[PDB]
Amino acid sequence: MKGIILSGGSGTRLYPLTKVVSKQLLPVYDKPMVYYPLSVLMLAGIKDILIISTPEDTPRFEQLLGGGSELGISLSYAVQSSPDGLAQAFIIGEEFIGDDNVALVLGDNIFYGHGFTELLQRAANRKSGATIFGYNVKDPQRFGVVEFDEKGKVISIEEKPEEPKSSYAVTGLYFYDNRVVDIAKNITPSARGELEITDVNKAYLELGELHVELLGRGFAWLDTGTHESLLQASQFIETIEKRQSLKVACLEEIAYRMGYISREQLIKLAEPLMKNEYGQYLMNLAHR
């Protein structure tokens, strides 16, 4: 399984924070927003990852994150010329994906909850079909909406329905088999002029292999689209971390716990950062 992080768009709602740079380079409490979805692909066991952004921001993600070798993974970069839809991720990434399975995650999505890694690994370990992740939300009409039966199996999926058939939004995290590339090539732009991830999901539903992992209320799927919600997301993260003395989406910690890097390698990473609390945290993990 490879992974893609779609991390472009203008981010106009956040202006002037995004006057020059992309929204996914902004802090969520104590680390850049993009760390969060990156950590989710890493916890899924995915080690070969493509980050897609705008022409002007793609090099800034590259400078921030590098090629991944210190995390024991491979990061690649590609540009999206215009934000013509989520599904364009698979066209942009066609060469990268090759004949592989692939997951897509939105650069601005933040997931958190007990047992989440098990769900991720299960999705990533699927050899066939698609896994989406549903989450009960206040205003489902603002999202992809998944309708499911009493055995948790999907009956419909609709992009921002006038009349939502359920309360469960389809969040920005998707796992696919290799059929997604030709599916994305064969869908056509909606009325808003975008290649819709919902139409990709529709294709898998028709194929009888659209699986939904429903995330209950013990999970947090956090909003980062407004200044207000960015701030709430940062406060949520702070409360979690300061109580536990454990960090959410610390990439180096994840690389170590996943076995991508060794203990000796982790200590090497902590050493040049020991003047700050993040470095000290990595060193304390090394001692665990």
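Numbers follow the displayed sequence, beginning with 1.
S.K.: Which is higher on mean Cα B factor in this entry, 28-36 or 215-223?
M.R.: Per the deposited B-factors, the answer is 215-223.
S.K.: Going by the B-factors listed in the PDB entry, is the mean over the C-alpha atoms higher for 111-119 or for 151-159?
M.R.: On average, C-alpha B-factors are higher across 151-159.
S.K.: Identify, among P189, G172, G72, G93, the residue whose C-alpha carries the highest B-factor in the deposited PDB entry.
M.R.: Each of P189, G172, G72, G93 was compared by C-alpha B-factor; the highest is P189.
S.K.: Consider only the C-alpha atoms of the modelled residues in this chain, order them by B-factor as the entry records it, and name the third containing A44: lowest, middle or highest.
M.R.: Within its chain, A44 is a lowest-third residue by C-alpha B-factor, going by the deposited values.
S.K.: Taking the values exactly as deposited, rank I240 by C-alpha B-factor within its chain and report the matching third: lowest, middle or highest.
M.R.: Highest third - that is where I240 ends up once the chain's C-alpha B-factors are sorted.
S.K.: Going by the recorded CA B-factors, say which third of the chain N201 sits in, lowest, middle or highest.
M.R.: Tercile = middle for this residue's CA B-factor.
S.K.: Quick check for you: using the entry's CA B-factors within this chain, is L282 in the lowest, middle or highest third?
M.R.: Ranked within chain, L282 CA B lands in the middle tercile.
S.K.: Could you place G134 in the lowest, middle or highest third of its chain by Cα temperature factor, using the values in the record?
M.R.: It belongs to the lowest third of the chain when residues are ordered by C-alpha B-factor.
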